[PDB]
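Just the one chain here, the form deposited in one PDB entry, laid out as structure tokens.
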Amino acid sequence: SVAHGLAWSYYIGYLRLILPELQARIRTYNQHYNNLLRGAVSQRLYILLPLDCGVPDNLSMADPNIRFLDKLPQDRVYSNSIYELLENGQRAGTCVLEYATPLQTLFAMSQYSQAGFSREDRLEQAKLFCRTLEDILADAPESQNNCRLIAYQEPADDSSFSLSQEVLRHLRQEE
């Protein structure tokens, strides 16, 4: 099961490094664009976990209601992004939002014949990745409340899917 290693690597190699100073970075950003914003950038890292492992390199196309606002400023250096979430045509929220890159690995594997990795396998591992990461975060309260996991599938009944609504539903669980 690749999911297990993938989740631990993601946590140990990335989340555990960046989450500690996140709260300070967004704050610094908030203080300096407070004139322009008011409608402060919310504080947690929102991690998108599309279970179909479909990962554009751009929420700048994923949803008309998600719009790139700005780069969150400040071996590995971290390029986080701030986005506004619209609803009813209005800005309804702003948050640091990104895809869980290990889902790309799972996707690449399923596309790599020698991996012997079926579509059923990939989805199952994606689910296992999400679950494992949740368990990891559960045991690190400090990190668990510095980020939010947003896992989703697009509906079978080809009714319309809203990535922004998915994000907003979590973002409103807090405040």
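Rigid core: the largest C-alpha set superposing within 1.5 Å between the two forms. Start at 1 with the first residue shown and count on from there.
Absent from the display: the form deposited in another entry. The rest refers to it.
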On a core-based superposition, does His32 travel 2 Å or more at its Cα between this form and the one not shown? yes
Given that the distance between the C-alpha atoms of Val96 and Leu36 changes by 3 Å or more in the other entry, do they end up closer or farther than here? farther
Distance trend in the other entry - C-alpha atoms of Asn35 and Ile66, change of 3 Å or more: farther
